[PDB]
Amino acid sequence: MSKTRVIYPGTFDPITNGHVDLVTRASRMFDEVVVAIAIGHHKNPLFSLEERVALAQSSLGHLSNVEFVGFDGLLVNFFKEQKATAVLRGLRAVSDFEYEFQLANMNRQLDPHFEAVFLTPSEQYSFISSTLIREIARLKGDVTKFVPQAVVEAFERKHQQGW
């Protein structure tokens, strides 16, 4: 009966109503949730680590047991470093599902204490992909339904400096 600490890694580029759902749900059933933003040097994302954490903090800060960190390197090492109970992932589409197994099973080989636990989001957040949001945003489309308001504005400010 130690305290429990789940890591919720992602690139959050940007965070979406779906992510927010998942974190909220997780905060209700574990002691600490750590939103962990993957820096991803060699991944090349649309928003900076700083924009990404900011927008996250903006949508989930009102939860007292959620923290925000950037990390790179090996999730398994992050896991160890954070003395985590488990890693949180969401399940919705179907190709996600067999990679998620690879991930879980590979990481368990690297660290037998590793553990993945999966939530499902509200049915209304199941279609939403971060990728699909970027494409719609990128074409002056209305992503208000799919992402928090800070993110909407962030998209607009990205247009304002050319996009």
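So that the term is clear: the rigid core is the largest set of C-alpha atoms that superpose within 1.5 Å between two forms. Note that residue numbering follows the sequence shown and begins at 1.
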How do 94 to 102 and 48 to 56 compare in 4 other deposited structures of this protein: which one has C-alphas farther from this form after the rigid core is matched?
94 to 102
Going by the entry, of stretches 42 to 50 and 103 to 111 the one with greater average Cα B-factor is 42 to 50
Report the stretch with the higher mean CA temperature factor, choosing between 23 to 31 and 90 to 98 on the basis of the entry.
90 to 98
Lowest, middle or highest third - CA B-factor, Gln124:
middle
If you rank every modelled residue in this chain by C-alpha B factor, which third holds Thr16: lowest, middle or highest?
lowest
How does the C-alpha B factor of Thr131 compare with the rest of the chain: lowest, middle or highest third?
middle
Name the third of the chain's ranked CA B-factors that contains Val151, choosing lowest, middle or highest.
lowest
Among all modelled residues of this chain, ranked by Cα B factor, put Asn65 in the bottom, middle or top third, i.e. lowest, middle or highest.
highest
